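> no sequence on this one, just coordinates:
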Ligand SMILES: Nc1nc2c(ncn2[C@@H]2O[C@H](COP(=O)(O)OP(=O)(O)O)[C@@H](O)[C@H]2O)c(=O)[nH]1
Ligand SMILES: [Mg+2]
């Protein structure tokens with residue numbers, strides 16, 4: 001089979017995980033998608049000439065059993081850590097997602113991309129500079145996105161794939 005990249009989209013409720021994923025996969029913006037639905041989505045794409053499958057888990061938070069969370073973190077190869085630029089608590093929550101994914105995978109080298117979503121909105125509580133500072137500390141890319149206008153969306157997911165490739169080659 002073509003190479004498959006198992007991607008996982010994490011972040012606080014309301015940041016745009018579902019909207020980002022549906023924009024990537026289906027090329028349209030959702031105003032409303034139940035915050036409690038967690039599902040996986042698939043798309044065959046070409047990234048830097050490679051035809052590959054993206055298998056993307058749009059997470060929604062607590063699971064029936066914590067074992068289910070740990071399972072998707074172990075199977076996931078790369079993580080989009082999403083906050084919204086108008087939600088400071090969602091940015092603060094990134095510290096927890098960073099930790100938890102490393103903790104479950106028992107690894108210091110986990111492919112991740114920091115995503116500041118909703119950049120089409122002028123309303124902003126997290127300046128680009130502060131997010132750059134956090135991404136610098138993690139040694140990962142930082143991309144601002146809008147699921148609404150599509151700005152940055154392919155970049156966020158394709159960059160994550162490229163981070164996975166860099167990890168695999170070691
Ligand atoms: N303006 C704007 N609204 C967004 C964007 N992404 C998501 N939203 C809205 O933010 C709310 C939460 O989005 P959703 O995808 O359900 O967030 P989730 O809980 O992280 O899955 C919804 O009303 C979306 O329409 C974006 O980039 N721009
Ligand atoms: Mg959602």
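Yep, it's here. Residues are numbered from 1 along each chain as shown. Ligands and ions are numbered 1, 2, ... in the order given.
> Doesn't residue 140 lie inside a strand?
No: assessed with DSSP: H, G, I helix; E, B strand; the rest coil, residue 140 is coil; it does not lie in a strand.
> mind checking how far the nearest residue to it once chain neighbours are set aside is from residue 66?
Nearest non-adjacent residue to residue 140, counting by CB to CB, 6 or more residues apart in numbering: residue 112, 4.9 Å away. (Each C-beta comes from the backbone N, C-alpha and C, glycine too.) According to CB to CB, to the nearest Å, residue 112 and residue 66 sit 21 Å apart.
> who's more crowded, those two?
Neighbour totals were compared for residue 112 and residue 66, and residue 112 leads with 25 against 10 (other CB atoms under 10 Å).
> What's the local residue count around the residue of the chain found nearest ligand 1?
Relative to ligand 1, the nearest point of the chain is residue 16 (2.9 Å; CB to the nearest ligand atom). Neighbour count of residue 16, defined by other CB under 10 Å: 26.
> same thing with residue 24?
Residue 24, neighbours per other CB under 10 Å, totals 25.
> So which bits of this protein are right by ligand 1?
Counting by CB under 6 Å from any ligand atom, the residues of the chain lying close to ligand 1 are 11, 13-19, 31, 33, 35, 117-118, 120-121, 146-148.
> quick revisit: now do the contacts for the residue nearest to residue 140.
By CB atoms under 8 Å, 6 or more residues apart in numbering, the contact set of residue 112 is 78-81, 98, 101, 138, 140, 160, 163.
> for those, which one is nearest residue 87?
residue 81 (13.7 Å; CB to CB).
> hang on, the closest one is in a strand, isn't it?
Yes: according to three-state DSSP, residue 81 belongs to a strand.
> how about the strands in the chain?
4-10, 39-47, 50-58, 78-84, 112-117, 142-144 (DSSP state E).
> Who are the packing partners of the shortest one?
In other words, strand 142-144. strand 112-117, helix 128-138, helix 153-168 (3 or more CB pairs under 8 Å, 6 or more residues apart in numbering; DSSP states H and E).
> just the first one next, same as before
Helices and strands touching strand 4-10, by 3+ CB pairs under 8 Å, 6+ apart, are helix 17-26, strand 50-58, helix 66-75, strand 78-84, helix 153-168.
> Parallel or antiparallel, list what pairs with it.
strand 50-58 (parallel), strand 78-84 (parallel) (DSSP bridges).
> Determine which of these approaches ligand 2 most closely.
strand 50-58 (5.9 Å; CB to the ion).
> And the contacts of stretch 100-108?
Taking CB under 8 Å, 6+ apart as the rule, stretch 100-108 contacts 10, 69-70, 73-74, 76, 79, 110, 112.
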